[PDB]
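Student: As input, take target_4.cif (mmCIF, C-alpha atoms; chains and numbers go by the auth columns):
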```
data_run
#
loop_
_atom_site.group_PDB
_atom_site.id
_atom_site.type_symbol
_atom_site.label_atom_id
_atom_site.label_comp_id
_atom_site.label_asym_id
_atom_site.label_seq_id
_atom_site.Cartn_x
_atom_site.Cartn_y
_atom_site.Cartn_z
_atom_site.B_iso_or_equiv
_atom_site.auth_seq_id
_atom_site.auth_asym_id
ATOM 1 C CA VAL A 1 41.245 -5.885 4.772 0.00 263 A
ATOM 2 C CA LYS A 2 39.564 -6.111 1.372 0.00 264 A
ATOM 3 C CA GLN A 3 41.997 -5.944 -1.535 0.00 265 A
ATOM 4 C CA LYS A 4 41.143 -4.069 -4.763 0.00 266 A
ATOM 5 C CA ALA A 5 38.030 -2.428 -3.344 0.00 267 A
ATOM 6 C CA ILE A 6 36.155 0.327 -5.190 0.00 268 A
ATOM 7 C CA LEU A 7 34.649 3.302 -3.363 0.00 269 A
ATOM 8 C CA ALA A 8 31.894 5.518 -4.739 0.00 270 A
ATOM 9 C CA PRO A 9 31.069 9.048 -3.518 0.00 271 A
ATOM 10 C CA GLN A 10 28.164 9.656 -1.175 0.00 272 A
ATOM 11 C CA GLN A 11 25.525 11.427 -3.255 0.00 273 A
ATOM 12 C CA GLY A 12 26.815 9.957 -6.520 0.00 274 A
ATOM 13 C CA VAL A 13 24.702 6.843 -5.898 0.00 275 A
ATOM 14 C CA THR A 14 20.970 7.238 -5.283 0.00 276 A
ATOM 15 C CA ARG A 15 18.128 4.774 -4.896 0.00 277 A
ATOM 16 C CA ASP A 16 15.092 4.571 -7.157 0.00 278 A
ATOM 17 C CA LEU A 17 11.867 2.639 -6.492 0.00 279 A
ATOM 18 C CA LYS A 18 11.975 -0.824 -4.775 0.00 280 A
ATOM 19 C CA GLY A 19 15.243 0.216 -3.140 0.00 281 A
ATOM 20 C CA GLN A 20 17.993 -0.928 -5.522 0.00 282 A
ATOM 21 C CA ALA A 21 20.537 1.888 -5.334 0.00 283 A
ATOM 22 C CA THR A 22 21.919 2.884 -8.729 0.00 284 A
ATOM 23 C CA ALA A 23 24.636 5.101 -10.156 0.00 285 A
ATOM 24 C CA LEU A 24 24.813 6.774 -13.564 0.00 286 A
ATOM 25 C CA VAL A 25 27.818 5.180 -15.260 0.00 287 A
ATOM 26 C CA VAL A 26 29.104 6.760 -18.482 0.00 288 A
ATOM 27 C CA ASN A 27 29.854 4.638 -21.541 0.00 289 A
ATOM 28 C CA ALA A 28 32.997 4.737 -23.668 0.00 290 A
ATOM 29 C CA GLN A 29 31.060 6.408 -26.507 0.00 291 A
ATOM 30 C CA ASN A 30 30.023 9.198 -24.059 0.00 292 A
ATOM 31 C CA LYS A 31 26.602 7.602 -23.538 0.00 293 A
ATOM 32 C CA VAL A 32 25.105 7.351 -20.055 0.00 294 A
ATOM 33 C CA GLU A 33 23.205 4.546 -18.310 0.00 295 A
ATOM 34 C CA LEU A 34 22.347 3.796 -14.687 0.00 296 A
ATOM 35 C CA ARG A 35 23.754 0.584 -13.206 0.00 297 A
ATOM 36 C CA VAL A 36 22.678 -1.220 -10.055 0.00 298 A
ATOM 37 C CA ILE A 37 24.902 -1.123 -6.969 0.00 299 A
ATOM 38 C CA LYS A 38 25.448 -3.827 -4.367 0.00 300 A
ATOM 39 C CA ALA A 39 26.322 -1.299 -1.692 0.00 301 A
ATOM 40 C CA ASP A 40 26.704 -2.904 1.730 0.00 302 A
ATOM 41 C CA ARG A 41 28.709 -0.405 3.792 0.00 303 A
ATOM 42 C CA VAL A 42 29.851 3.204 3.944 0.00 304 A
ATOM 43 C CA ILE A 43 33.411 4.188 4.855 0.00 305 A
ATOM 44 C CA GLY A 44 33.453 7.866 5.786 0.00 306 A
ATOM 45 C CA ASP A 45 31.569 9.470 2.910 0.00 307 A
ATOM 46 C CA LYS A 46 32.118 6.678 0.372 0.00 308 A
ATOM 47 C CA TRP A 47 29.917 3.688 -0.366 0.00 309 A
ATOM 48 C CA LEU A 48 31.627 0.319 -0.800 0.00 310 A
ATOM 49 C CA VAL A 49 30.263 -1.255 -3.970 0.00 311 A
ATOM 50 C CA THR A 50 31.050 -4.961 -4.183 0.00 312 A
ATOM 51 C CA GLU A 51 29.983 -5.572 -7.787 0.00 313 A
ATOM 52 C CA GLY A 52 28.123 -3.751 -10.536 0.00 314 A
ATOM 53 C CA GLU B 1 4.918 -5.286 -9.945 0.00 152 B
ATOM 54 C CA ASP B 2 6.688 -1.935 -10.303 0.00 153 B
ATOM 55 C CA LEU B 3 4.505 -1.008 -13.274 0.00 154 B
ATOM 56 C CA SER B 4 1.366 -1.649 -11.228 0.00 155 B
ATOM 57 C CA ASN B 5 2.966 0.314 -8.385 0.00 156 B
ATOM 58 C CA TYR B 6 3.667 3.285 -10.653 0.00 157 B
ATOM 59 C CA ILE B 7 0.148 3.142 -12.101 0.00 158 B
ATOM 60 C CA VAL B 8 -1.617 3.019 -8.749 0.00 159 B
ATOM 61 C CA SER B 9 0.765 5.571 -7.225 0.00 160 B
ATOM 62 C CA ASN B 10 1.359 8.297 -9.802 0.00 161 B
ATOM 63 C CA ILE B 11 -1.407 8.098 -12.428 0.00 162 B
ATOM 64 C CA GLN B 12 -4.342 6.513 -10.574 0.00 163 B
ATOM 65 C CA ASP B 13 -6.021 9.356 -8.699 0.00 164 B
ATOM 66 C CA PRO B 14 -5.287 11.986 -11.404 0.00 165 B
ATOM 67 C CA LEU B 15 -7.139 9.552 -13.662 0.00 166 B
ATOM 68 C CA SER B 16 -9.933 9.160 -11.106 0.00 167 B
ATOM 69 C CA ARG B 17 -10.459 12.875 -10.411 0.00 168 B
ATOM 70 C CA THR B 18 -11.213 13.537 -14.085 0.00 169 B
ATOM 71 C CA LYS B 19 -14.733 13.804 -15.461 0.00 170 B
ATOM 72 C CA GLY B 20 -16.988 10.784 -15.828 0.00 171 B
ATOM 73 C CA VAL B 21 -14.654 8.230 -14.235 0.00 172 B
ATOM 74 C CA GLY B 22 -17.125 6.412 -12.014 0.00 173 B
ATOM 75 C CA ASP B 23 -15.114 3.340 -11.070 0.00 174 B
ATOM 76 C CA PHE B 24 -11.758 1.704 -11.671 0.00 175 B
ATOM 77 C CA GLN B 25 -10.173 -1.720 -11.335 0.00 176 B
ATOM 78 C CA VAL B 26 -6.394 -2.026 -11.369 0.00 177 B
ATOM 79 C CA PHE B 27 -4.524 -5.231 -12.135 0.00 178 B
ATOM 80 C CA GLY B 28 -1.799 -5.604 -9.560 0.00 179 B
ATOM 81 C CA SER B 29 -1.253 -3.503 -6.468 0.00 180 B
ATOM 82 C CA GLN B 30 1.072 -0.965 -4.924 0.00 181 B
ATOM 83 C CA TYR B 31 4.301 -1.576 -3.120 0.00 182 B
ATOM 84 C CA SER B 32 4.111 -2.882 0.409 0.00 183 B
ATOM 85 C CA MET B 33 6.991 -3.628 2.742 0.00 184 B
ATOM 86 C CA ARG B 34 6.729 -7.394 2.750 0.00 185 B
ATOM 87 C CA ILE B 35 8.426 -9.055 5.708 0.00 186 B
ATOM 88 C CA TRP B 36 8.972 -12.757 5.050 0.00 187 B
ATOM 89 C CA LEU B 37 9.476 -14.609 8.320 0.00 188 B
ATOM 90 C CA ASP B 38 11.514 -17.785 8.560 0.00 189 B
ATOM 91 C CA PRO B 39 10.122 -20.340 11.031 0.00 190 B
ATOM 92 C CA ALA B 40 13.504 -21.943 11.705 0.00 191 B
ATOM 93 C CA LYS B 41 15.126 -18.785 13.032 0.00 192 B
ATOM 94 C CA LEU B 42 11.929 -17.960 14.920 0.00 193 B
ATOM 95 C CA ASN B 43 12.375 -21.327 16.612 0.00 194 B
ATOM 96 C CA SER B 44 16.054 -20.477 17.116 0.00 195 B
ATOM 97 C CA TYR B 45 15.560 -17.162 18.914 0.00 196 B
ATOM 98 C CA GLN B 46 12.499 -18.368 20.915 0.00 197 B
ATOM 99 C CA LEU B 47 10.185 -15.869 19.216 0.00 198 B
ATOM 100 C CA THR B 48 6.641 -16.010 17.862 0.00 199 B
ATOM 101 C CA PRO B 49 5.227 -13.953 14.967 0.00 200 B
ATOM 102 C CA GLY B 50 3.044 -12.078 17.455 0.00 201 B
#
```
What's the structure tokens form of this structure?
Tutor:
Amino acid sequence: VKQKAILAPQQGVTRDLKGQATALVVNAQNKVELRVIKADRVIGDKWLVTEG
Amino acid sequence: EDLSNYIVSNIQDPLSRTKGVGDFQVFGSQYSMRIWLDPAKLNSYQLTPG
């Protein structure tokens, strides 16, 4: 069992060109930017992001 | 590579169907699904590239 895992929703993360699935994270100053995702598995309807 | 991909994918033929564009020459290429084989694991699983 992986401790302190983080799950993302299904259609919240989408892939652009050259693969490289990304998700639109929101900054503390209400700005927005897309970050890369190291998604390796899906549990139910939630992607398991390892880092990013 | 992704810039050359975007140029040859999204803007290339709309550029080439315009008037007077007789030829083009693009630096780079499009995406292609490259499959890099490893010869050690090919030797491991008794497989050939064919």
Student: Step by step, work through what the PyMOL selection byres ((chain B) within 10 of (chain A)) selects in the shown file, and finish by giving those residues as a PyMOL selection string.
Tutor: chain B and resi 152-153+156-157+182-184
Student: Just say which residues the PyMOL selection byres ((chain A and resi 269) around 7) picks in this file, as a list in words.
Tutor: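 Selected by the PyMOL selection byres ((chain A and resi 269) around 7) in this file: residues 267, 268, 270, 271, 308, 309, 310 and 311 of chain A.
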Student: For atom CA of residue 175 of chain B and atom CA of residue 161 of chain B, determine how far apart the two atoms are, in Å to one decimal place.
Tutor: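 Answer for the atom CA of residue 175 of chain B to atom CA of residue 161 of chain B separation: 14.8 Å.
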Student: Do you know which residues the PyMOL selection byres ((chain A and resi 300) around 7) returns on this file, as a PyMOL selection string?
Tutor: chain A and resi 298-299+301-302+311-314
Student: What is the atom CA of residue 283 of chain A to atom CA of residue 297 of chain A distance in Å?
Tutor: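 Atom CA of residue 297 of chain A lies at a distance of 8.6 Å from atom CA of residue 283 of chain A.
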Student: Take the point (1.5, -6.8, -12.0) as written in the file and pick out every residue within 10 Å of it, counting all atoms listed in the file; give the list as an MDAnalysis selection string.
Tutor: chainID B and resid 152:156 177:181
Student: May I ask for the distance between atom CA of residue 185 of chain B and atom CA of residue 165 of chain B, given in Å to one decimal place?
Tutor: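 Those two atoms sit 26.8 Å apart.
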Student: Please put the answer as lines of an AutoDock Vina configuration file: centre and edge lengths, in Å with one decimal, of a box along x, y and z that encloses all listed atoms of segment 269-283 of chain A plus 3 Å on each side.
Tutor:
```
center_x = 23.3
center_y = 5.2
center_z = -4.2
size_x = 28.8
size_y = 18.4
size_z = 12.0
```
